[PDB]
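Student: Pasting the sequence and an experimental structure:
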Amino acid sequence: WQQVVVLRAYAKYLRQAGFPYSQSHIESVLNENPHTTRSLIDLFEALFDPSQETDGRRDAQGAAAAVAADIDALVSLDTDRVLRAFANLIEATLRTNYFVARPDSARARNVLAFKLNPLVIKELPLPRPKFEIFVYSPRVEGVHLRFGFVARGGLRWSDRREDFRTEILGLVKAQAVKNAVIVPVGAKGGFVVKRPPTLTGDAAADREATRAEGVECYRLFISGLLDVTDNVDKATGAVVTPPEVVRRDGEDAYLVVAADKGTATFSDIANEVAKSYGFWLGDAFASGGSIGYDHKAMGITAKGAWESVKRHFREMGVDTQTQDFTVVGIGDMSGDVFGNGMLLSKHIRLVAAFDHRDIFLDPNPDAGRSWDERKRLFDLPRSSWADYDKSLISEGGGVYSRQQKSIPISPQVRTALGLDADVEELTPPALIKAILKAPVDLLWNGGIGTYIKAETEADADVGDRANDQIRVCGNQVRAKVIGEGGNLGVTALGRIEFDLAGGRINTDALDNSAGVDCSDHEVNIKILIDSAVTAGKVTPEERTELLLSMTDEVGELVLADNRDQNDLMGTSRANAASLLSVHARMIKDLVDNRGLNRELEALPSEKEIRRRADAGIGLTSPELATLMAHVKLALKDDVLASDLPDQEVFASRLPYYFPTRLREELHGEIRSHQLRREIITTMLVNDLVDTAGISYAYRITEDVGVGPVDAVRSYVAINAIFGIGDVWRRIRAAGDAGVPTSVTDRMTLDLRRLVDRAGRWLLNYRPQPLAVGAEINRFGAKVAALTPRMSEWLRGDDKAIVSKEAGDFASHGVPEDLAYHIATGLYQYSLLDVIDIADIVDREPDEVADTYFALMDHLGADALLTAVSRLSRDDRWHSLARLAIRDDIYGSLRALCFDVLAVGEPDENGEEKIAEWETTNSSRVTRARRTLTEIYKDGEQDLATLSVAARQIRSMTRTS
Amino acid sequence: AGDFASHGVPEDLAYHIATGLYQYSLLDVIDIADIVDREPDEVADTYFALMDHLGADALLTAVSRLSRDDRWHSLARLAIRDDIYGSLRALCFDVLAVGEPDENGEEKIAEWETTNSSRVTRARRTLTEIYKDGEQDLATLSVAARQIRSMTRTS
């Protein structure tokens, strides 16, 4: 009967995968081939019995050959397909708990677990997870799909027992997107109860048992999961395979659990269950519950979304922390998101707010008094909108109920929201839809569900029936800015329509990222401290003390991530129109190589793409966020597959993931973390994408012709050499001080062209692969010495244009040193050639810089490089052409500098060196200079004229 | 030479005419042999073997296909042809700076590429890809020429 249970479980997994033949047909096929069924059982038994490993050579070939010969013998088509599918499931099984006999396991409670490789299963619909575990029982049935070794996701208590694998596979892509910025990749679990209790008619004892049955089945599902999962022991540091479990895969120990629509109060139960198996993660197994973070207190999600709101309003030109602004909100002062976010400014004027229970209408809200009443409501353990003081409500305002037949409309309520002038009463559904379409500065979301749709998306396709009567369209939203603290509030196509209608919006995975981020952060700290507890440095009682002491510092680190995330979003929004073509090739690469789905990711179709190209606009803000999320995942996949996380130059940033107390006290424990390679890769990709830009790495690969690994090498070297991160923080501080986003954004765009050019230079002129430490130690110090002295050798047109850019920057409040430091970026790029040249001729870099920039002055090279930059980048070949001409100019600059430094004496300055090189030229150089000045006189700057000017410069050199 | 001789042209004269654009390269060959005080035979061997590995004849023919409608485009096509020839001179200088005279053109090229950098392997790969595209406007030919130019330290 136990072998029959195994076959039945395989059939249930087959049903979840969507096998065509039904269960009746499947059992009939197994019945009509009893010899073949016996052969299948023999193959499985040979595969997974630990005693077989004690029985000599495993009877692999015997059982496998019996199965294959029985497969061949089949004539009937349905039988043949069914038995190959069965054989494929046997082959695909990676682990099983059929043979574990220790009493605490789930096998003892009649639960069977199959860890499978979905990648090799023929009948599985796409996408195929990296690993899957299927749990079968007569009471419970669950699945867990993981796209990677280090994965995170929520556990759905699903009610789709017919196909929950379908639900889990549907939600795994969105969960993975949520995890773009965090160390792990997407995972998702889900269980259904198959023996719910009989109902007593008593509305109370029934829900109690229904709850307790779900608790027992939740326990069963997780226990079956841990019967096959490996454990981590810090006694030796190695990964242990469950005893009496035969593993066909490698080693796989990381597994954490997050709450979902049915797993809200089960985190604590999950922590107890993880402890019963003796799992190493302890309380990090489940995010929060009883040891971890009180997310309502921290309010990390609200501040993470407030960073996006502030960035959007800054692009709007407003500052929330000092200027009154009007808000329409979803939720009440008793939830985490709404309550924590609506107290973040004392200038908040909450004009309207509906709930699940009540409606709040403040026609002319105050700021100080409205904030005080909002704070009073938040401090209560529980409250509703009926608890708002109705004396602090503005005249014409009030607290009304959503269960009323209708709600009267005050003249003050009507004018503020802006509807047809005749309304004097509305229905609660229409009041909610009008709140949803409001001429309001901010639209704050702290609820759950979808309330904004696209004009093209069907109502049933959204998957939210409860709000289906109140859902408005994205193009129909009149809010200036939309802040997304909640999940699934707006559909992707709805987000695209809102951005396309003039609204400011990001994706929800980028706004509410903070709460999940804190979940991951908490996990990686609970790991680290548990390791240090095992090493005897932290007494178990001070572990909790240390955790609570670091709450604020952990929150600040997550908010720093959100701010870097949002600043990059604003900058990407700035550069959308001119990079649409580059962005389009990126999308194609992802589709062709990473198995991306254009329509699923809400990425534009190619007809949609040049539709916008014909309109002269780039990607929308939610689409830009989506693209950068996939870029972050692809970059993590690229860097992790390499030895970059292994090398020390990339590993020098590891301690900075952890708070100050741990950074100081825990140093050896940080260096020997379990997730060291993954944390380093995630930090790496976050820094790279936030600093270098969306198209940096892809353009590097397009231009240079290397793999992502070489691009990363180059970015790290340039950031460490030029202090690029430090310049970025100085730019961001100026923008935070009140400098408009246009000035700081343009500062950053010049800086990113500089890094592009500099990274390309390092890749092009130094041997590959890059030794990042070597190039840093032979360039970064020299660069730091040469950057502050840009004023001593800029001459003529160079000096004039640099002064103009620095003064324009400082005219908007930018500090003078930073304005000048930014204005000279394209000359800091030439300092790389300056340093390389000084190294070749073993002479000082000061004099080399003097000659290089004086020569850049005599011929007016700045105008030529600017004209080159004006060359079109519409397609890849023209971009290649403009890149070829810029590099030709720079290389010719290198050869002419070599010849000029080959004449004269170091005491001769740039002007004297140039004078006596031209004094020692040939007819070729005088003719070239005369033609160059004539070219400058024409003012024509197409490919041909600039190219002939470059040849004139090239012929000035013997080595040509 | 065979097309010329098919119409009755004498064979020596047909071949002598058919090789005119390589007789032009013999000027650079002689100048180069003079600079390195080595015999012109071996210099010619290396120069034309190198013109063989990279398919330079197709690139010069494509350059000749550039328009001469106005003075500036004619100047541009002249610029690209001279850039190709000067880059030929610099690469020939570097290859003759490696190896030994007894090594023929193929052996000289083999051991210079055997002693290149990541820059040269990447440049060759991009050049072969350019040859594969078959696009021969100003921009593609120019980027092919920059690939050839970056193969030289003195650049």
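Tutor: That came in fine, so what should we check first? Numbers count the residues shown, from 1 in each chain, chains lettered A, B, ... in the order given.
Student: and the residue of the stretch 51-200 of chain A found nearest chain B, how many neighbours?
Tutor: Nearest to chain B in the stretch 51-200 of chain A, going by Cβ to the nearest Cβ, is residue A:180, at a distance of 31.2 Å. For every residue, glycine as well, the C-beta is placed using N, CA and C. For residue A:180, the neighbour count with other Cβ atoms under 10 Å in any protein chain shown is 27.
Student: cool, residue A:21 as well?
Tutor: Close neighbours of residue A:21, defined as other Cβ under 10 Å, add up to 18.
Student: What parts of the stretch 551-700 of chain A come near chain B?
Tutor: Residues of the stretch 551-700 of chain A found near chain B (Cβ under 8 Å from any Cβ of the partner chain): none.
Student: For the stretch 551-700 of chain A, give the residue positioned nearest to chain B.
Tutor: As assessed by Cβ to the nearest Cβ, chain B sits closest to residue A:700 within the stretch 551-700 of chain A, at 12.7 Å.
Student: give me phi/psi at the residue lying closest to that residue once chain neighbours are set aside?
Tutor: Ranked by Cβ to Cβ, 6 or more residues apart in numbering or on different chains and with sequence neighbours excluded, the top spatial neighbour of residue A:700 is residue A:711, at 4.0 Å. With angles defined as degrees, to the nearest 10, residue A:711 sits at phi -60, psi -40.
Student: who's in contact with residue A:711?
Tutor: For residue A:711, the contact set (Cβ atoms under 8 Å, 6 or more residues apart in numbering or on different chains) comprises A:696-697, A:700-701, A:704, A:759, A:763.
Student: Check whether whichever residue of the stretch 701-850 of chain A sits closest to chain B sits in a helix, strand or coil.
Tutor: Per Cβ to the nearest Cβ, the residue of the stretch 701-850 of chain A with the smallest distance to chain B is residue A:768, at 3.3 Å. Under the three-state scheme (DSSP: H, G, I helix; E, B strand; the rest coil), residue A:768 adopts coil.
Student: Count residues in the vicinity of it, would you?
Tutor: 17.
Student: what do you get for residue A:163?
Tutor: 16.
Student: In this structure it contacts residue A:18, no?
Tutor: Yes: here residue A:163 lies in contact with residue A:18, judged by Cβ atoms under 8 Å, at a distance of 7.3 Å.
Student: and chain A, which of its residues are near chain B?
Tutor: So chain A meets chain B at A:704-706, A:764-765, A:767-769, A:877-878, A:880-881, A:883-885, A:887-888, A:891-892, A:894-895, A:898, A:940, A:943-945, A:947-948, A:950-952, A:954-955, A:957, A:959-960 (Cβ under 8 Å from any Cβ).
Student: what about 7 Å?
Tutor: Contact residues, chain A versus chain B (Cβ under 7 Å from any Cβ of the partner chain): A:705, A:764, A:767-768, A:877-878, A:880-881, A:884-885, A:887-888, A:891, A:894-895, A:898, A:943-945, A:947-948, A:951, A:954, A:959-960.
Student: Now, those that are in helices?
Tutor: Judged by DSSP state H, the residues of chain A next to chain B include A:764, A:877-878, A:880-881, A:884-885, A:887-888, A:891, A:894-895, A:898, A:943-945, A:947-948, A:951, A:954 as members of helices.
Student: sorry, back to before: most surrounded residue in the contacts of residue A:711?
Tutor: residue A:759 (28 neighbours).
Student: residue contacts, that residue?
Tutor: Neighbouring residues of residue A:759 by Cβ atoms under 7 Å, 6 or more residues apart in numbering or on different chains: A:700, A:714-715, A:718.
Student: Could you rerun that using 6 Å?
Tutor: By Cβ atoms under 6 Å, 6 or more residues apart in numbering or on different chains, the contact set of residue A:759 is A:714, A:718.
Student: again, but for residue A:569
Tutor: Here residue A:569 is in contact with residue A:506 (criterion: Cβ under 6 Å, 6+ apart).
Student: how far away is the residue nearest to residue A:349 when sequence neighbours are not counted from chain B?
Tutor: Once flanking residues are discounted, residue A:349 sits nearest to residue A:365: 4.0 Å by Cβ to Cβ, 6+ apart. Between residue A:365 and chain B the computed distance is 60 Å (Cβ to the nearest Cβ, to the nearest Å).
Student: and residue A:365, how many residues sit next to it?
Tutor: 25.
Student: Can you report phi and psi for it?
Tutor: phi -70, psi 150.
Student: hang on, the earlier thing: not counting its neighbours along the chain, what's nearest the residue of the stretch 51-200 of chain A closest to chain B?
Tutor: Using Cβ to Cβ, 6+ apart and skipping the chain neighbours, the partner closest in space to residue A:180 is residue A:629 (3.9 Å).
Student: is it true that the one you found touches residue A:179?
Tutor: No: contact criterion Cβ atoms under 6 Å: residue A:629 and residue A:179 do not qualify, at 9.3 Å.
Student: Looking at the two now, which is surrounded by more residues?
Tutor: Shown here are residue A:629 and residue A:179; by other Cβ under 10 Å, residue A:179 has more neighbours (30 against 22).
Student: Just give me the longest strand of chain A.
Tutor: In chain A, with assignment by DSSP state E, the single longest strand is strand A:185-193.
Student: chain center to it, what's the gap?
Tutor: Chain-centre distance of strand A:185-193: 21 Å, with Cα atoms, centre = their mean, to the nearest Å.
Student: Which residues does that strand contact?
Tutor: Strand A:185-193 has contacts (Cβ under 6 Å, 6+ apart) with A:140-148, A:151-153, A:155-156, A:158, A:161, A:164, A:168, A:171-172, A:175-176, A:179, A:217, A:221.
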